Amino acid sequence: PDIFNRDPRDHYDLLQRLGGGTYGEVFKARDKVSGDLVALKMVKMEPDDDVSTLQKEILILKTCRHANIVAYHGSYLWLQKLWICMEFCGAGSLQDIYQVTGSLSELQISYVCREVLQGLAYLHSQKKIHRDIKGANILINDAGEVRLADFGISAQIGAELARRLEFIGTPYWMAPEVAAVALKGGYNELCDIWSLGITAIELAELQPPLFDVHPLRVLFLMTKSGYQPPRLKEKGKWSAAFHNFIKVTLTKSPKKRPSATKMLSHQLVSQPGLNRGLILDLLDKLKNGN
């Protein structure tokens, strides 16, 4: 896959850290030669991470042509630190945008959901799971394309699972079923479908349900037997299709939750009038206001 064995700072200059920690170590950078702006993500490499596996995963990312996946431009290995070069989105995430433009329109939310579903179906078709669908992780590039970042690499999943070990504690005494559950963490492809439903509410109300309750209490609320899937709080403001999209995506039982493929036949994401223009208006509103 031709992963560079060079210090990426040999070719780029870091300008700005992105995400405030929510993205990890991700930087806005400038191609020294061409001056092009890119995003460099640094995935710390453990000695255990087999570079043979890395090469296979990077090849998959390099050959990706899906319009809803963040563009891969190359990668670097230097001092056991893997760097991935991708497109830089001046607009950033949808969270960066609606924090300025405000509530997104139903059609705009519909376009976003359709595009994210298309991307989710591509990831799921590779037996990948995103696990963190949310406004902060859906990116709008300068051309108005909705894209998800594909970080399906063992070194990244290993880092996430490294925090999961600090969460569950020491494993030496754990039963196999406890270790298996803790490892998977309940994450399954259809969990991205639920997360998208929540995101649609986030884009519609500028925050997810129960955001006014501190996390610990929400975890106990979510896991009550009678926990009910959230809904939009302003009925009249939205069509029956939007409400139904939420109802269907936010199915409590994973077995009965529809896949990304099936969801693409839903009225809200199949309706006429969904075109890139909707995002170009949003970008205009962000750059120039009212």
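One-based numbering along the sequence shown. Think of the rigid core as the biggest set of C-alphas that the two forms share within 1.5 Å after superposition.
Comparing 46-54 with 254-262 by root mean square Cα distance to the shown form in 5 other deposited structures of this protein, with the rigid core used for the fit, gives 46-54 as the more displaced stretch.
For the pair 234-242 and 29-37, rigid core superposition yields a higher RMS C-alpha distance in 5 other deposited structures of this protein in 29-37.
Set 151-159 against 169-177 and average the Cα temperature factors; 151-159 ends up higher. A summary of the deposited B-factors shows that, of 28-36 and 60-68, the stretch with the larger mean C-alpha value is 28-36. Comparing C-alpha B-factors across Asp96, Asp142, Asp212, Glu205 in the deposited entry, the largest value falls on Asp142. Within the selection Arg114, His130, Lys134, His73, the deposited Cα B-factor values reach their highest point at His73. Sort the chain's modelled residues by C-alpha temperature factor and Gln126 lands in the middle third, per the entry. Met263: CA B factor in the lowest third of modelled residues in this chain (values from the PDB entry). When the CA B factors of the chain's modelled residues are split into thirds, the value for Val51 lands in the highest one. Per the deposited record, the Cα B-factor of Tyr227 falls in the highest third when ranked against the other modelled residues of its chain. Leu77: CA B factor lies in the highest third for its chain, per the PDB record.
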